[PDB]
>>> print(open('run34.tsv').read())   # TSV, C-alpha atoms and all ligand atoms
chain	number	residue	atom	x	y	z
A	900	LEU	CA	58.69	-136.42	27.02
A	901	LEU	CA	59.40	-137.79	23.53
A	902	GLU	CA	63.07	-136.87	24.11
A	903	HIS	CA	63.52	-139.69	26.67
A	904	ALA	CA	64.03	-143.01	24.88
A	905	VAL	CA	65.85	-146.28	25.58
A	906	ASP	CA	67.07	-148.11	22.47
A	907	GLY	CA	64.70	-146.18	20.20
A	908	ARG	CA	61.60	-147.04	22.20
A	909	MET	CA	60.04	-144.08	24.00
A	910	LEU	CA	59.32	-144.87	27.66
A	911	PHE	CA	57.61	-142.86	30.37
A	912	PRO	CA	60.29	-141.70	32.83
A	913	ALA	CA	60.58	-143.43	36.20
A	914	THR	CA	60.51	-139.98	37.83
A	915	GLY	CA	57.27	-139.12	36.04
A	916	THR	CA	55.37	-141.26	38.54
A	917	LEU	CA	56.76	-139.14	41.39
A	918	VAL	CA	55.65	-135.82	39.87
A	919	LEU	CA	52.26	-137.44	39.18
A	920	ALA	CA	51.75	-138.62	42.76
A	921	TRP	CA	53.13	-135.32	44.06
A	922	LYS	CA	50.63	-133.38	41.91
A	923	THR	CA	47.76	-135.61	43.11
A	924	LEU	CA	48.43	-135.30	46.84
A	925	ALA	CA	48.60	-131.52	46.38
A	926	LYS	CA	45.13	-131.61	44.83
A	927	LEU	CA	43.96	-133.88	47.66
A	928	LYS	CA	45.34	-131.39	50.19
A	929	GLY	CA	43.97	-128.40	48.26
A	930	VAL	CA	47.41	-126.82	47.74
A	931	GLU	CA	49.54	-125.95	44.74
A	932	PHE	CA	51.92	-128.78	43.94
A	933	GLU	CA	54.92	-126.44	44.12
A	934	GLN	CA	54.15	-125.38	47.72
A	935	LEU	CA	53.93	-128.94	49.12
A	936	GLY	CA	56.89	-130.83	50.55
A	937	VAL	CA	56.53	-134.57	49.94
A	938	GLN	CA	58.66	-137.64	50.70
A	939	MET	CA	57.85	-140.72	48.64
A	940	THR	CA	59.17	-144.02	50.00
A	941	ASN	CA	59.44	-147.50	48.48
A	942	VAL	CA	58.34	-146.35	45.03
A	943	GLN	CA	58.07	-149.33	42.68
A	944	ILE	CA	57.54	-149.51	38.92
A	945	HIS	CA	55.76	-152.62	37.64
A	946	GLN	CA	55.40	-151.70	33.95
A	947	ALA	CA	56.37	-148.90	31.56
A	948	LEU	CA	53.92	-146.61	29.79
A	949	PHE	CA	54.81	-146.57	26.10
A	950	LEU	CA	54.48	-143.04	24.75
A	951	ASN	CA	53.82	-142.37	21.06
A	952	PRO	CA	54.40	-139.27	18.90
A	953	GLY	CA	51.25	-137.35	18.07
A	954	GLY	CA	49.16	-139.37	20.51
A	955	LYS	CA	47.37	-139.10	23.83
A	956	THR	CA	48.02	-141.48	26.73
A	957	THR	CA	45.91	-141.43	29.89
A	958	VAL	CA	46.85	-142.60	33.38
A	959	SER	CA	44.85	-142.59	36.63
A	960	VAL	CA	46.56	-141.68	39.90
A	961	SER	CA	44.94	-142.53	43.24
A	962	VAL	CA	46.40	-141.36	46.56
A	963	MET	CA	44.91	-142.80	49.74
A	964	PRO	CA	43.92	-139.84	51.97
A	965	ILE	CA	45.28	-140.56	55.44
A	966	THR	CA	47.98	-143.23	55.13
A	967	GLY	CA	49.41	-141.96	51.85
A	968	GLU	CA	49.45	-144.99	49.54
A	969	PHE	CA	49.38	-144.02	45.87
A	970	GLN	CA	48.88	-145.76	42.53
A	971	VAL	CA	49.50	-144.72	38.93
A	972	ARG	CA	47.16	-147.33	37.44
A	973	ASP	CA	46.63	-147.23	33.65
A	974	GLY	CA	43.34	-149.10	33.43
A	975	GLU	CA	43.63	-152.39	35.31
A	976	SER	CA	47.43	-152.74	34.98
A	977	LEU	CA	49.66	-151.07	37.59
A	978	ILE	CA	52.45	-148.89	36.19
A	979	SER	CA	53.82	-147.72	39.56
A	980	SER	CA	53.22	-147.85	43.30
A	981	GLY	CA	54.56	-146.38	46.52
B	900	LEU	CA	23.00	-150.96	65.61
B	901	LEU	CA	22.18	-149.24	68.92
B	902	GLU	CA	21.41	-152.63	70.49
B	903	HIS	CA	25.14	-153.29	70.87
B	904	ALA	CA	26.88	-151.52	73.74
B	905	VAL	CA	29.84	-152.13	76.04
B	906	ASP	CA	29.01	-150.88	79.55
B	907	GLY	CA	26.79	-148.09	78.23
B	908	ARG	CA	29.16	-147.15	75.40
B	909	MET	CA	27.32	-147.62	72.09
B	910	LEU	CA	30.20	-148.54	69.79
B	911	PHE	CA	30.11	-149.40	66.10
B	912	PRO	CA	30.67	-153.18	65.77
B	913	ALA	CA	34.16	-154.29	64.79
B	914	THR	CA	32.51	-156.43	62.11
B	915	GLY	CA	30.60	-153.31	61.08
B	916	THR	CA	33.63	-152.03	59.19
B	917	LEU	CA	33.92	-155.43	57.49
B	918	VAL	CA	30.50	-155.01	55.87
B	919	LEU	CA	31.20	-151.39	54.92
B	920	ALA	CA	34.43	-152.44	53.21
B	921	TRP	CA	32.70	-155.46	51.68
B	922	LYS	CA	29.89	-153.33	50.25
B	923	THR	CA	32.31	-150.69	48.96
B	924	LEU	CA	34.31	-153.24	46.97
B	925	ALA	CA	31.13	-154.52	45.33
B	926	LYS	CA	30.07	-150.99	44.43
B	927	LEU	CA	33.53	-150.41	42.94
B	928	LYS	CA	33.23	-153.63	40.92
B	929	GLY	CA	29.61	-152.91	39.95
B	930	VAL	CA	28.39	-156.30	41.22
B	931	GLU	CA	25.83	-156.82	43.98
B	932	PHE	CA	27.53	-157.11	47.35
B	933	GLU	CA	25.68	-160.37	48.09
B	934	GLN	CA	27.14	-161.99	44.94
B	935	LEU	CA	30.75	-161.09	45.82
B	936	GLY	CA	33.13	-163.40	47.66
B	937	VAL	CA	35.60	-161.32	49.65
B	938	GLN	CA	38.51	-161.92	52.01
B	939	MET	CA	39.75	-159.22	54.39
B	940	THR	CA	43.26	-159.48	55.84
B	941	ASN	CA	44.74	-157.74	58.88
B	942	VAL	CA	41.66	-155.67	59.74
B	943	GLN	CA	42.92	-153.25	62.39
B	944	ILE	CA	40.25	-151.31	64.29
B	945	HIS	CA	42.50	-148.30	64.76
B	946	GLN	CA	40.06	-146.32	66.92
B	947	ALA	CA	36.53	-146.66	68.27
B	948	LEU	CA	33.48	-145.12	66.60
B	949	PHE	CA	30.84	-143.94	69.08
B	950	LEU	CA	27.47	-144.09	67.34
B	951	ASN	CA	25.32	-141.07	68.17
B	952	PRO	CA	21.86	-142.26	69.30
B	953	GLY	CA	18.98	-140.52	67.56
B	954	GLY	CA	21.25	-138.94	64.98
B	955	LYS	CA	23.47	-139.73	62.00
B	956	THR	CA	27.11	-140.79	61.62
B	957	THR	CA	29.16	-140.56	58.42
B	958	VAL	CA	32.08	-142.69	57.24
B	959	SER	CA	34.15	-142.48	54.06
B	960	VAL	CA	35.14	-146.05	53.13
B	961	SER	CA	37.88	-146.09	50.48
B	962	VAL	CA	39.14	-149.13	48.56
B	963	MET	CA	42.20	-149.11	46.33
B	964	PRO	CA	41.25	-150.62	42.94
B	965	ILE	CA	43.88	-153.31	42.32
B	966	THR	CA	45.83	-153.75	45.57
B	967	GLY	CA	42.69	-153.90	47.72
B	968	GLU	CA	43.78	-151.65	50.58
B	969	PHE	CA	40.52	-150.56	52.20
B	970	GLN	CA	40.10	-147.84	54.82
B	971	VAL	CA	37.13	-146.61	56.85
B	972	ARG	CA	37.60	-143.08	58.16
B	973	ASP	CA	35.63	-140.16	59.61
B	974	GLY	CA	37.08	-136.77	58.73
B	975	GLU	CA	40.82	-136.88	59.46
B	976	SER	CA	40.59	-139.76	61.96
B	977	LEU	CA	41.30	-143.38	61.04
B	978	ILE	CA	38.74	-145.93	62.23
B	979	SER	CA	39.70	-149.12	60.35
B	980	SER	CA	42.20	-150.48	57.83
B	981	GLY	CA	43.24	-153.67	56.11
C	1001	LIG	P1	60.71	-158.55	33.04
C	1001	LIG	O1	62.16	-158.66	33.41
C	1001	LIG	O2	59.66	-159.26	33.86
C	1001	LIG	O3	60.33	-156.99	32.94
C	1001	LIG	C1	60.16	-156.20	34.15
C	1001	LIG	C2	60.08	-154.74	33.73
C	1001	LIG	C3	58.98	-154.59	32.67
C	1001	LIG	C4	61.42	-154.35	33.09
C	1001	LIG	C5	59.78	-153.81	34.92
C	1001	LIG	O4	60.18	-154.42	36.14
C	1001	LIG	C6	60.45	-152.46	34.77
C	1001	LIG	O5	61.37	-152.14	35.53
C	1001	LIG	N1	60.00	-151.66	33.81
C	1001	LIG	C7	60.64	-150.41	33.43
C	1001	LIG	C8	60.52	-149.32	34.48
C	1001	LIG	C9	60.59	-147.97	33.80
C	1001	LIG	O6	59.59	-147.28	33.67
C	1001	LIG	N2	61.79	-147.56	33.35
C	1001	LIG	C10	61.95	-146.41	32.47
C	1001	LIG	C11	62.32	-145.14	33.20
C	1001	LIG	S1	64.04	-145.07	33.78
C	1001	LIG	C12	65.13	-145.03	32.47
C	1001	LIG	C13	66.61	-144.67	32.57
C	1001	LIG	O7	64.78	-145.81	31.65
C	1002	LIG	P1	44.64	-146.25	73.53
C	1002	LIG	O1	45.51	-147.23	74.27
C	1002	LIG	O2	45.13	-145.60	72.27
C	1002	LIG	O3	43.22	-146.95	73.22
C	1002	LIG	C1	43.03	-147.68	71.98
C	1002	LIG	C2	41.54	-147.95	71.82
C	1002	LIG	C3	40.78	-146.64	72.09
C	1002	LIG	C4	41.11	-148.99	72.85
C	1002	LIG	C5	41.21	-148.44	70.40
C	1002	LIG	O4	42.14	-149.45	70.02
C	1002	LIG	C6	39.79	-148.97	70.32
C	1002	LIG	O5	38.86	-148.27	70.69
C	1002	LIG	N1	39.61	-150.18	69.81
C	1002	LIG	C7	38.34	-150.89	69.95
C	1002	LIG	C8	37.59	-151.06	68.65
C	1002	LIG	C9	36.26	-151.71	68.98
C	1002	LIG	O6	35.41	-151.11	69.63
C	1002	LIG	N2	36.06	-152.96	68.53
C	1002	LIG	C10	34.94	-153.79	68.95
C	1002	LIG	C11	33.60	-153.12	68.76
C	1002	LIG	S1	32.70	-152.95	70.33
C	1002	LIG	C12	32.36	-154.49	70.98
C	1002	LIG	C13	33.21	-155.75	71.09
C	1002	LIG	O7	31.36	-154.42	71.61
>>> encode(input="run34.tsv", output="structure tokens", more="lines below")
Ligand SMILES: *P(=O)(O)OCC(C)(C)[C@@H](O)C(=O)NCCC(=O)NCCSC(C)=O
Ligand SMILES: *P(=O)(O)OCC(C)(C)[C@@H](O)C(=O)NCCC(=O)NCCSC(C)=O
Amino acid sequence: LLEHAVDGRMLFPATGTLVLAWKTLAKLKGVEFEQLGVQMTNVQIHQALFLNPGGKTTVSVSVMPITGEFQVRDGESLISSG
Amino acid sequence: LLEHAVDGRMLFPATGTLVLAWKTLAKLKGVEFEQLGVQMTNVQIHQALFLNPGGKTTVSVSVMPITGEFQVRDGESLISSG
């Protein structure tokens, strides 16, 4: 993930919030993420996680059980929604 | 809560889900629910909840941290939203 930069700065991909919501619904459904067929709609990105070499960055996903609304919150600030 | 029936049907009050959502937000915030000023919007009572007299009913209120989307549910059935 360090090999994805934009003008030197190292950003978290915009498709990383899809594989994070897709790996959190699979857990919610008790299935392996590679055996679940998902369809995310109206995915929005409000900020950009700033990676850093030799460091650890944490992010909290939260998928609403029935309806299917998901967050990728990083504390109190939203990094993505859909 | 059993002293509220509609032609013999003992239903859970529509404002019952308002308090459950109100108390859940306070528990998420850590504050006491009586010290919290809330505002629910578009509270749909998706389906009716028939309270079981002389028994116990379970709900699974869920509030999204930042957006505020709350949801009262029982198993895989939706009972409220907003
Ligand atoms: P201002 O114009 O208010 O800034 C809005 C920003 C922060 C740009 C926000 O709306 C945004 O789009 N952030 C970046 C989204 C992102 O994660 N992009 C990186 C992955 S895609 C790639 C080719 O960069
Ligand atoms: P169908 O046409 O799908 O029926 C929809 C029903 C079952 C009517 C559903 O919308 C429903 O039960 N809504 C009522 C929720 C409710 O009971 N609210 C008030 C609490 S009881 C009271 C006023 O005594």
>>> axis_aligned_box(input="run34.tsv", around="ligand LIG 1001 (chain C)", padding_each_side="3 Å", output="JSON")
{"center_x": 62.8, "center_y": -152.0, "center_z": 33.9, "size_x": 13.6, "size_y": 20.6, "size_z": 10.5}
>>> interface_residues(input="run34.tsv", of="chain B", to="chain A", cutoff="10 Å", atoms="all atoms listed in the file", output="list in words")
residues 961, 962, 963, 964, 965, 966, 968, 969, 970, 972, 974, 975, 976, 977 and 980 of chain B
>>> closest_residue(input="run34.tsv", among="B:940, B:971, B:908, B:955", to="residue 922 of chain B", atoms="all atoms listed in the file")
B:971
>>> residues_near_ligand(input="run34.tsv", ligand="ligand LIG 1002 (chain C)", cutoff="6 Å", atoms="only C-alpha atoms and all ligand atoms", output="list in words")
residues 904, 905, 910, 911, 912, 913, 944, 945, 946 and 947 of chain B
>>> closest_residue(input="run34.tsv", among="A:903, A:951, A:958, A:931", to="ligand LIG 1001 (chain C)", atoms="all atoms listed in the file")
A:903
>>> closest_residue(input="run34.tsv", among="B:906, B:916, B:959, B:921", to="residue 936 of chain B", atoms="all atoms listed in the file")
B:921
>>> residues_near_point(input="run34.tsv", point="(58.1, -134.4, 22.5)", cutoff="9 Å", atoms="only C-alpha atoms", output="number ranges by chain")
A: 900-903, 952-953
>>> atom_distance(input="run34.tsv", atom1="atom CA of residue 919 of chain B", atom2="atom CA of residue 973 of chain A")
26.6 Å
>>> atom_distance(input="run34.tsv", atom1="atom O5 of ligand LIG 1001 (chain C)", atom2="atom CA of residue 948 of chain A")
10.9 Å
>>> closest_residue(input="run34.tsv", among="A:978, A:929, A:939, A:923", to="ligand LIG 1001 (chain C)", atoms="only C-alpha atoms and all ligand atoms")
A:978
>>> atom_distance(input="run34.tsv", atom1="atom CA of residue 960 of chain A", atom2="atom CA of residue 924 of chain A")
9.6 Å
